[PDB]
Amino acid sequence: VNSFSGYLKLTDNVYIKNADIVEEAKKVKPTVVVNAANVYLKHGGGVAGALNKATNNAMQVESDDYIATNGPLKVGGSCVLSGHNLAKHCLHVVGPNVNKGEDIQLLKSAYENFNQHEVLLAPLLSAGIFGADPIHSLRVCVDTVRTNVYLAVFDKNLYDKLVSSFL
Ligand SMILES: Cc1nc(Cn2cnc3c(N)nc(N)nc32)cs1
């Protein structure tokens, strides 16, 4: 048993809900929230900007120290940092940004990072302003993640399209 509520069950291990990731995290206080990060951990918009804003910029302060010590992440890679007031941990995962010209094949590699955690609250990686097809991202998630993942889709119209098109 876990604290997640109001989810559509997609498969054995993947669940989905129409929710803003910030509101959904503050309610559950999951062990792990996934951030849709970039390699520089510059949390400007999308999921990253919203989560960071909810931490009063503490996520960005922690992230800048991480980058100063370690350098940038890889596209497809991740790091575990604090979840601040949103979760125990934040898993910062870099999916390919189609609007940066990055290879979409790296989306599977990005989702593989989720398998290092038994349960996660997460957005759809590489969707929204990262420019990939959300239907595709959901399919890659289902076909890659084996641990228990609770997906949040904020756009209602997108949520409706994802449910009705899911095989
Ligand atoms: C770069 C990416 N953007 C998304 C979509 N997206 C944007 N803002 C939110 C938000 N507040 N909550 C949720 N669940 N998804 C969001 C997914 S990856």
# chains A, B, ... in the order shown; residues from 1 in each chain; ligands from 1
>>> residues_near_ligand(ligand="ligand 1", cutoff="7 Å", atoms="only C-alpha atoms and all ligand atoms", output="MDAnalysis selection string")
chainID A and resid 19:22 36 46:47 50 123:130 152:154
>>> select_by_dssp(residues="chain A", states="strand (DSSP E or B)", output="PDB file with N, CA and C atoms, in the first residue's frame")
ATOM      1  N   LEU A   8      -5.916   6.091 -12.777  1.00  0.00           N
ATOM      2  CA  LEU A   8      -6.233   5.065 -13.766  1.00  0.00           C
ATOM      3  C   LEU A   8      -5.079   4.077 -13.814  1.00  0.00           C
ATOM      4  N   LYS A   9      -5.403   2.774 -13.814  1.00  0.00           N
ATOM      5  CA  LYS A   9      -4.394   1.729 -13.895  1.00  0.00           C
ATOM      6  C   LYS A   9      -4.167   1.421 -15.371  1.00  0.00           C
ATOM      7  N   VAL A  14       2.159   0.696 -14.052  1.00  0.00           N
ATOM      8  CA  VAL A  14       2.044   2.084 -14.491  1.00  0.00           C
ATOM      9  C   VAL A  14       0.621   2.591 -14.254  1.00  0.00           C
ATOM     10  N   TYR A  15       0.535   3.763 -13.625  1.00  0.00           N
ATOM     11  CA  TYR A  15      -0.704   4.447 -13.279  1.00  0.00           C
ATOM     12  C   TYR A  15      -0.638   5.870 -13.825  1.00  0.00           C
ATOM     13  N   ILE A  16      -1.799   6.499 -14.072  1.00  0.00           N
ATOM     14  CA  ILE A  16      -1.826   7.846 -14.642  1.00  0.00           C
ATOM     15  C   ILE A  16      -2.995   8.648 -14.056  1.00  0.00           C
ATOM     16  N   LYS A  17      -2.798   9.971 -13.984  1.00  0.00           N
ATOM     17  CA  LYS A  17      -3.782  10.879 -13.413  1.00  0.00           C
ATOM     18  C   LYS A  17      -3.631  12.242 -14.082  1.00  0.00           C
ATOM     19  N   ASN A  18      -4.738  12.992 -14.152  1.00  0.00           N
ATOM     20  CA  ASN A  18      -4.720  14.373 -14.643  1.00  0.00           C
ATOM     21  C   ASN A  18      -4.423  15.261 -13.447  1.00  0.00           C
ATOM     22  N   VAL A  32      10.012   9.588  -3.939  1.00  0.00           N
ATOM     23  CA  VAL A  32      10.709  10.107  -5.122  1.00  0.00           C
ATOM     24  C   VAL A  32       9.740  10.855  -6.020  1.00  0.00           C
ATOM     25  N   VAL A  33      10.074  12.107  -6.326  1.00  0.00           N
ATOM     26  CA  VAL A  33       9.459  12.840  -7.428  1.00  0.00           C
ATOM     27  C   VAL A  33      10.494  12.992  -8.537  1.00  0.00           C
ATOM     28  N   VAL A  34      10.074  12.751  -9.780  1.00  0.00           N
ATOM     29  CA  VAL A  34      10.945  12.923 -10.937  1.00  0.00           C
ATOM     30  C   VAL A  34      10.807  14.340 -11.475  1.00  0.00           C
ATOM     31  N   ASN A  35      11.952  14.982 -11.699  1.00  0.00           N
ATOM     32  CA  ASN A  35      12.015  16.243 -12.412  1.00  0.00           C
ATOM     33  C   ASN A  35      12.401  15.995 -13.851  1.00  0.00           C
ATOM     34  N   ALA A  36      11.709  16.671 -14.767  1.00  0.00           N
ATOM     35  CA  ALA A  36      12.065  16.677 -16.186  1.00  0.00           C
ATOM     36  C   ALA A  36      13.146  17.733 -16.410  1.00  0.00           C
ATOM     37  N   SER A  78      20.701  10.876 -15.190  1.00  0.00           N
ATOM     38  CA  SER A  78      19.964  11.343 -14.025  1.00  0.00           C
ATOM     39  C   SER A  78      20.913  11.558 -12.857  1.00  0.00           C
ATOM     40  N   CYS A  79      20.401  12.267 -11.851  1.00  0.00           N
ATOM     41  CA  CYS A  79      21.043  12.303 -10.545  1.00  0.00           C
ATOM     42  C   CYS A  79      19.959  12.396  -9.480  1.00  0.00           C
ATOM     43  N   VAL A  80      20.280  11.912  -8.283  1.00  0.00           N
ATOM     44  CA  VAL A  80      19.380  11.994  -7.139  1.00  0.00           C
ATOM     45  C   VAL A  80      19.813  13.154  -6.260  1.00  0.00           C
ATOM     46  N   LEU A  81      18.900  14.082  -6.017  1.00  0.00           N
ATOM     47  CA  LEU A  81      19.130  15.188  -5.105  1.00  0.00           C
ATOM     48  C   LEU A  81      17.971  15.236  -4.110  1.00  0.00           C
ATOM     49  N   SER A  82      17.980  16.242  -3.250  1.00  0.00           N
ATOM     50  CA  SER A  82      16.916  16.382  -2.269  1.00  0.00           C
ATOM     51  C   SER A  82      15.566  16.635  -2.939  1.00  0.00           C
ATOM     52  N   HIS A  89      13.195  12.615  -2.017  1.00  0.00           N
ATOM     53  CA  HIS A  89      14.225  12.726  -3.033  1.00  0.00           C
ATOM     54  C   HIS A  89      13.619  13.260  -4.312  1.00  0.00           C
ATOM     55  N   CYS A  90      14.432  13.984  -5.074  1.00  0.00           N
ATOM     56  CA  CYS A  90      14.101  14.311  -6.450  1.00  0.00           C
ATOM     57  C   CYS A  90      15.077  13.599  -7.374  1.00  0.00           C
ATOM     58  N   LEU A  91      14.537  12.774  -8.266  1.00  0.00           N
ATOM     59  CA  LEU A  91      15.316  12.162  -9.334  1.00  0.00           C
ATOM     60  C   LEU A  91      15.245  13.092 -10.545  1.00  0.00           C
ATOM     61  N   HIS A  92      16.345  13.791 -10.827  1.00  0.00           N
ATOM     62  CA  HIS A  92      16.432  14.679 -11.987  1.00  0.00           C
ATOM     63  C   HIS A  92      16.805  13.835 -13.190  1.00  0.00           C
ATOM     64  N   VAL A  93      15.893  13.696 -14.153  1.00  0.00           N
ATOM     65  CA  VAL A  93      16.094  12.838 -15.320  1.00  0.00           C
ATOM     66  C   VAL A  93      16.075  13.698 -16.568  1.00  0.00           C
ATOM     67  N   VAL A 119       9.224   3.049  -6.252  1.00  0.00           N
ATOM     68  CA  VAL A 119       7.990   3.805  -6.470  1.00  0.00           C
ATOM     69  C   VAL A 119       8.359   5.248  -6.799  1.00  0.00           C
ATOM     70  N   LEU A 120       7.716   5.827  -7.820  1.00  0.00           N
ATOM     71  CA  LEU A 120       7.994   7.212  -8.209  1.00  0.00           C
ATOM     72  C   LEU A 120       6.718   7.922  -8.630  1.00  0.00           C
ATOM     73  N   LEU A 121       6.662   9.221  -8.324  1.00  0.00           N
ATOM     74  CA  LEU A 121       5.716  10.165  -8.922  1.00  0.00           C
ATOM     75  C   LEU A 121       6.487  10.859 -10.036  1.00  0.00           C
ATOM     76  N   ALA A 122       5.919  10.864 -11.250  1.00  0.00           N
ATOM     77  CA  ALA A 122       6.679  11.388 -12.370  1.00  0.00           C
ATOM     78  C   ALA A 122       5.808  12.048 -13.441  1.00  0.00           C
ATOM     79  N   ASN A 148       7.150   0.789  -9.891  1.00  0.00           N
ATOM     80  CA  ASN A 148       5.800   1.354  -9.822  1.00  0.00           C
ATOM     81  C   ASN A 148       5.863   2.851 -10.065  1.00  0.00           C
ATOM     82  N   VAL A 149       5.268   3.286 -11.162  1.00  0.00           N
ATOM     83  CA  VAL A 149       5.330   4.680 -11.574  1.00  0.00           C
ATOM     84  C   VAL A 149       3.923   5.254 -11.667  1.00  0.00           C
ATOM     85  N   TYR A 150       3.754   6.397 -11.010  1.00  0.00           N
ATOM     86  CA  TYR A 150       2.525   7.172 -10.968  1.00  0.00           C
ATOM     87  C   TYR A 150       2.766   8.427 -11.797  1.00  0.00           C
ATOM     88  N   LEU A 151       2.159   8.467 -12.975  1.00  0.00           N
ATOM     89  CA  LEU A 151       2.359   9.547 -13.930  1.00  0.00           C
ATOM     90  C   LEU A 151       1.312  10.626 -13.696  1.00  0.00           C
ATOM     91  N   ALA A 152       1.747  11.864 -13.809  1.00  0.00           N
ATOM     92  CA  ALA A 152       0.835  12.991 -13.752  1.00  0.00           C
ATOM     93  C   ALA A 152       0.919  13.758 -15.065  1.00  0.00           C
ATOM     94  N   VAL A 153      -0.246  14.007 -15.674  1.00  0.00           N
ATOM     95  CA  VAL A 153      -0.369  14.818 -16.887  1.00  0.00           C
ATOM     96  C   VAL A 153      -1.213  16.040 -16.508  1.00  0.00           C
TER      97      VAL A 153
END
>>> closest_residue(among="A:61, A:165, A:107, A:39", to="residue A:74", atoms="only C-alpha atoms")
A:39
>>> residues_around(residues="stretch 24-30 of chain A", least_positions_apart="4", cutoff="6 Å", atoms="only C-alpha atoms", output="MDAnalysis selection string")
chainID A and resid 3 86:87
>>> select_by_dssp(residues="stretch 83-166 of chain A", states="helix (DSSP H, G or I)", output="ChimeraX atom specification")
/A:98-100,106-116,128-130,134-144,156-164
>>> closest_residue(among="A:143, A:156, A:105, A:163", to="residue A:12", atoms="only C-alpha atoms")
A:143
>>> decode(residues="stretch 64-117 of chain A", atoms="C-alpha atoms", output="PDB file, in the first residue's frame")
ATOM      1  CA  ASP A  64      24.070  24.763  -8.996  1.00  0.00           C
ATOM      2  CA  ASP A  65      26.369  23.299  -6.322  1.00  0.00           C
ATOM      3  CA  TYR A  66      25.907  19.831  -7.885  1.00  0.00           C
ATOM      4  CA  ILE A  67      26.894  21.095 -11.358  1.00  0.00           C
ATOM      5  CA  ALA A  68      29.827  23.126 -10.036  1.00  0.00           C
ATOM      6  CA  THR A  69      31.226  19.918  -8.509  1.00  0.00           C
ATOM      7  CA  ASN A  70      30.243  17.286 -11.102  1.00  0.00           C
ATOM      8  CA  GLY A  71      29.642  19.040 -14.417  1.00  0.00           C
ATOM      9  CA  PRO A  72      26.588  18.484 -16.580  1.00  0.00           C
ATOM     10  CA  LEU A  73      24.507  15.343 -16.794  1.00  0.00           C
ATOM     11  CA  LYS A  74      24.225  13.278 -19.966  1.00  0.00           C
ATOM     12  CA  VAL A  75      21.089  13.347 -22.069  1.00  0.00           C
ATOM     13  CA  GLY A  76      19.407  10.128 -20.943  1.00  0.00           C
ATOM     14  CA  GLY A  77      21.047  10.358 -17.510  1.00  0.00           C
ATOM     15  CA  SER A  78      19.964  11.343 -14.025  1.00  0.00           C
ATOM     16  CA  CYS A  79      21.043  12.303 -10.545  1.00  0.00           C
ATOM     17  CA  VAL A  80      19.380  11.994  -7.139  1.00  0.00           C
ATOM     18  CA  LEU A  81      19.130  15.188  -5.105  1.00  0.00           C
ATOM     19  CA  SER A  82      16.916  16.382  -2.269  1.00  0.00           C
ATOM     20  CA  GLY A  83      13.150  16.501  -2.709  1.00  0.00           C
ATOM     21  CA  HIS A  84      13.009  19.594  -0.449  1.00  0.00           C
ATOM     22  CA  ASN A  85       9.375  20.242   0.613  1.00  0.00           C
ATOM     23  CA  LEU A  86       7.950  18.104  -2.221  1.00  0.00           C
ATOM     24  CA  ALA A  87       9.372  14.569  -1.640  1.00  0.00           C
ATOM     25  CA  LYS A  88      12.135  12.782   0.157  1.00  0.00           C
ATOM     26  CA  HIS A  89      14.225  12.726  -3.033  1.00  0.00           C
ATOM     27  CA  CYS A  90      14.101  14.311  -6.450  1.00  0.00           C
ATOM     28  CA  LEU A  91      15.316  12.162  -9.334  1.00  0.00           C
ATOM     29  CA  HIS A  92      16.432  14.679 -11.987  1.00  0.00           C
ATOM     30  CA  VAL A  93      16.094  12.838 -15.320  1.00  0.00           C
ATOM     31  CA  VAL A  94      17.182  14.290 -18.670  1.00  0.00           C
ATOM     32  CA  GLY A  95      15.047  13.135 -21.561  1.00  0.00           C
ATOM     33  CA  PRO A  96      15.955  14.200 -25.097  1.00  0.00           C
ATOM     34  CA  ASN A  97      14.708  17.685 -25.964  1.00  0.00           C
ATOM     35  CA  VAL A  98      13.392  17.492 -29.532  1.00  0.00           C
ATOM     36  CA  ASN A  99      13.520  21.287 -29.764  1.00  0.00           C
ATOM     37  CA  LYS A 100      17.247  21.064 -29.036  1.00  0.00           C
ATOM     38  CA  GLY A 101      17.736  18.459 -31.829  1.00  0.00           C
ATOM     39  CA  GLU A 102      18.552  15.667 -29.328  1.00  0.00           C
ATOM     40  CA  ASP A 103      18.039  11.984 -30.304  1.00  0.00           C
ATOM     41  CA  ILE A 104      14.552  10.678 -29.293  1.00  0.00           C
ATOM     42  CA  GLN A 105      16.043   7.154 -29.042  1.00  0.00           C
ATOM     43  CA  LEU A 106      17.537   8.461 -25.794  1.00  0.00           C
ATOM     44  CA  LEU A 107      14.041   8.560 -24.281  1.00  0.00           C
ATOM     45  CA  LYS A 108      14.236   4.853 -23.414  1.00  0.00           C
ATOM     46  CA  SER A 109      17.588   5.400 -21.673  1.00  0.00           C
ATOM     47  CA  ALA A 110      16.042   8.264 -19.701  1.00  0.00           C
ATOM     48  CA  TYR A 111      13.156   6.085 -18.480  1.00  0.00           C
ATOM     49  CA  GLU A 112      15.594   3.303 -17.465  1.00  0.00           C
ATOM     50  CA  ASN A 113      16.688   5.562 -14.589  1.00  0.00           C
ATOM     51  CA  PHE A 114      13.258   5.014 -13.006  1.00  0.00           C
ATOM     52  CA  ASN A 115      14.065   1.317 -12.471  1.00  0.00           C
ATOM     53  CA  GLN A 116      16.514   2.239  -9.693  1.00  0.00           C
ATOM     54  CA  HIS A 117      13.537   3.317  -7.509  1.00  0.00           C
TER      55      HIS A 117
END
